[PDB]
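Input: a single structure, listed below in structure tokens.
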Ligand SMILES: *CC(=O)Nc1ccc(-c2nc3ccc(C)cn3c2Nc2c(C)cccc2Cl)cc1
Ligand SMILES: *CC(=O)Nc1ccc(-c2nc3ccc(C)cn3c2Nc2c(C)cccc2Cl)cc1
Ligand SMILES: [Ca+2]
Ligand SMILES: [Ca+2]
Ligand SMILES: [Ca+2]
Ligand SMILES: [Ca+2]
Ligand SMILES: [Ca+2]
Ligand SMILES: [Ca+2]
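Residue numbers (the entry's author numbering), protein chains in the order written: chain B, 591 to 595; chain B', 591 to 595; chain A, -4 to 231; chain A', -4 to 231. A prime marks a further copy of an entry chain.
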């Protein structure tokens, strides 16, 4: 999964 | 802490 | 609500304790109580609200993904019938997840966003609105999926417009918003080229502004820039 | 209860799914429902019950320890007064922990232990009884601490007597019981010499019986023996 903040 | 199962 | 009898300051204090104890459901309940006192949230307080719900919904999402994968496998050719239980339990988890998203969206709508005038607070809350509609979109399968997607998009776009006008390109809120909206494009809106373009442009404009920053601000901004780079590497 | 309308087999199926999704509160609720159907539990089913509650109470214990440490620091000389909130929140967590222990002890008393005739099931349930009284003892500070300690001791001792008469010295249940009762001695009963003696004797008697085992049984027994050794190394 891609990075989110 | 000591090991327990 | 349940927290109606507790002082606002005591709620904040206990949210911080809950964070230290990794009790994120309790942290979320304390911060919900604090929001429902009706006063605006400070920067620190906004961050406590976001951390608590991020961790609660993050666990829900991970569990939903596990269950969805099992359910998908159950519907392949040659799979033995096991009854309604996998679907029922995935549905239970999904309904709980939707309820947490609805709770956060409700706090934003009553009345955090409308009272947020400063760019940093308004952008922070609109980013959250985009994120929790995005989590709703991840599990949406019916006649409202398009509308949920559009609600996410609209919130993120309003946040982006504000951030571009009012914040420097290295601002951590601005950067994190862009990171997440770029993921929206890739994972939700079926727009990988838009995702890549946004990540790239964001990274490059931040790089050009790093020279203006203190050592500590530089550290914060470069950490988020590395996440943009990580996604670009995944996608290219 | 809440699970009264769900089939026993569906409860078991969903407990397994909950385990895969790391949803241990849901797993525990499903297994509580299964126990309340009134039928005895198979070996696999006993293991699901124990895993679910172990993980729930394990998280509670870790949070309680964090909060207790903060509270202890708040009562040192030179510490600034911060009000009742740390104590109140530690008390909340403690009360929840006590409620989980009471729930498990209630399932054992109504009616898992009295219907357990085979040595392997009876010893398994009495070990659990000792463990959950031990967790109660960890947080006990009033006029019942002595009685809680004695309840743990009594359960463990009954389990030990059965296991010595009915199970081989390499049996994993027997070994895990001894491991935990030895920790009881060290951490709860202020009997470190008893703890050390028990761990040592258990290890040595298991070593002498390993020759009788298959490859897979050998692996199981030696894994638990290593935990005995790890504790001995910590304590000597
Ligand atoms: C009040 C306010 O400004 N809140 C705020 C600012 C910045 C962050 C934040 N800073 C960093 C630095 C490095 C990394 C990897 C992440 N990071 C964040 N995360 C974050 C969050 C949790 C929300 C929205 C934007 C960002 Cl970047 C956090 C909170
Ligand atoms: C029905 C039954 O026999 N249940 C059962 C048997 C054995 C275990 C078990 N086996 C191992 C092997 C290695 C290690 C490190 C631990 N281990 C356990 N754990 C355990 C549990 C969870 C409860 C009671 C005794 C033991 Cl040893 C588990 C379940
Ligand atoms: Ca007040
Ligand atoms: Ca269900
Ligand atoms: Ca305002
Ligand atoms: Ca039935
Ligand atoms: Ca409290
Ligand atoms: Ca029986």
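All residues carry an ideal CB built from backbone N, CA and C; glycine is no exception.
Short CB-CB distance (under 9 angstroms) between residue i and chain B'
i, result
"residue 181 (chain A')", "yes"
"residue 134 (chain A')", "no"
"residue 191 (chain A')", "no"
"residue 131 (chain A')", "no"
"residue 219 (chain A')", "yes"
"residue 235 (chain A')", "Beyond the ends of chain A' as shown, which are -4 and 231, falls residue 235 (chain A'); an answer cannot be given."
Any C-beta of chain B under 9 angstroms from that of residue i
i, result
"residue 175 (chain A)", "yes"
"residue 178 (chain A)", "yes"
"residue 28 (chain A)", "no"
"residue 215 (chain A)", "no"
"residue 7 (chain A)", "no"
"residue 236 (chain A)", "The structure shown does not extend to residue 236 (chain A), since chain A is modelled only from -4 to 231, so the question has no answer here."
"residue 126 (chain A)", "yes"
"residue 225 (chain A)", "yes"
"residue 171 (chain A)", "yes"
"residue 107 (chain A)", "no"
"residue 222 (chain A)", "yes"
"residue 205 (chain A)", "no"
Beta-carbon separation (whole angstroms), residue i vs residue j, contact threshold 8 angstroms
i, j, result
"residue 29 (chain A')", "residue 7 (chain A')", "6 angstroms"
"residue 209 (chain A)", "residue 167 (chain A)", "That belief does not hold up - the Cβ atoms of residue 209 (chain A) and residue 167 (chain A) are roughly 13 angstroms apart, past 8 angstroms."
"residue 23 (chain A)", "residue 47 (chain A)", "4 angstroms"
"residue 172 (chain A')", "residue 118 (chain A')", "6 angstroms"
"residue 80 (chain A')", "residue 5 (chain A)", "5 angstroms"
"residue 147 (chain A)", "residue 129 (chain A)", "5 angstroms"
"residue 10 (chain A')", "residue -2 (chain A')", "Wrong, their Cβ atoms sit about 11 angstroms apart, outside the cutoff."
"residue 92 (chain A)", "residue 52 (chain A)", "6 angstroms"
"residue 592 (chain B)", "residue 226 (chain A)", "5 angstroms"
"residue 150 (chain A)", "residue 143 (chain A)", "With 8 angstroms as the limit, residue 150 (chain A) and residue 143 (chain A) do not qualify as a contact, their Cβ atoms being about 11 angstroms apart."
"residue -4 (chain A)", "residue 31 (chain A)", "6 angstroms"
C-beta neighbour in chain A for residue i, strict 9 angstroms
i, result
"residue 92 (chain A')", "no"
Practice task
Count the C-beta pairs between the region 162 to 179 of chain A' and the region 187 to 206 of chain A' that are closer than 8 angstroms, then say yes if the count reaches three, no if not.
Solution key: Counting Cβ pairs under 8 angstroms, three or more are found: they touch.
Handout entry: Those runs of the alpha helix (DSSP H) which lie wholly inside the region 69 to 145 of chain A and span at least 4 residues
Key = Listed in chain order, they are 80 to 102, 114 to 134.
Handout entry: Stretch pair the region 72 to 82 of chain A' + the region 117 to 129 of chain A': three plus CB contacts closer than 8 angstroms
Key = Inter-segment contact for the region 72 to 82 of chain A' and the region 117 to 129 of chain A' is absent: fewer than three beta-carbon pairs are separated by less than 8 angstroms.
Exercise for the section: Select from the region 9 to 20 of chain A' all residues with a C-beta closer than 9 angstroms to any C-beta belonging to chain A, and list them in chain order. Expected result: Within the region 9 to 20 of chain A', the residues whose Cβ lies closer than 9 angstroms to some Cβ of chain A are 9, 12, 13, 15, 16, 17, 18, listed in chain order.
Handout entry: Those runs of the alpha helix (DSSP H) which lie wholly inside the region 152 to 214 of chain A' and span at least 4 residues
Key = For the region 152 to 214 of chain A', whole alpha helix (DSSP H) runs of length 4 or above, ordered along the chain, are 167 to 178, 187 to 202.
Problem - Within 7 angstroms of chain A' by C-beta, residues of the region 35 to 62 of chain A in sequence order - result: In summary, the residues of the region 35 to 62 of chain A whose CB is separated from some CB of chain A' by less than 7 angstroms are 58, 61, 62, in the order they occur in the chain.
Practice task
Specify whether the region 148 to 165 of chain A and the region 109 to 116 of chain A touch according to this definition: at least 3 beta carbon pairs, one from each stretch, less than 8 angstroms apart.
Solution key: The region 148 to 165 of chain A, when compared against the region 109 to 116 of chain A, does touch it at the 8 angstroms Cβ threshold.
Exercise for the section: Note down, in chain order, all residues in the region 65 to 94 of chain A' with a beta-carbon under 9 angstroms from any beta-carbon belonging to chain A. Expected result: Under the 9 angstroms Cβ criterion, the region 65 to 94 of chain A' contributes 65, 77, 78, 79, 80, 81, 83, 84, 85, 87, 88.
Practice task
Decide yes or no for the touch test of the region 97 to 109 of chain A' against the region 31 to 42 of chain A: beta carbon pairs closer than 8 angstroms, at least 3 of them.
Solution key: Fewer than three pairs of CB atoms, one per stretch, sit closer than 8 angstroms, so the region 97 to 109 of chain A' makes no contact with the region 31 to 42 of chain A.
Exercise for the section: Taking 8 angstroms as the threshold, find out whether the region 135 to 149 of chain A comes into contact with the region 45 to 64 of chain A through three or more Cβ pairs. Expected result: These segments do not touch.
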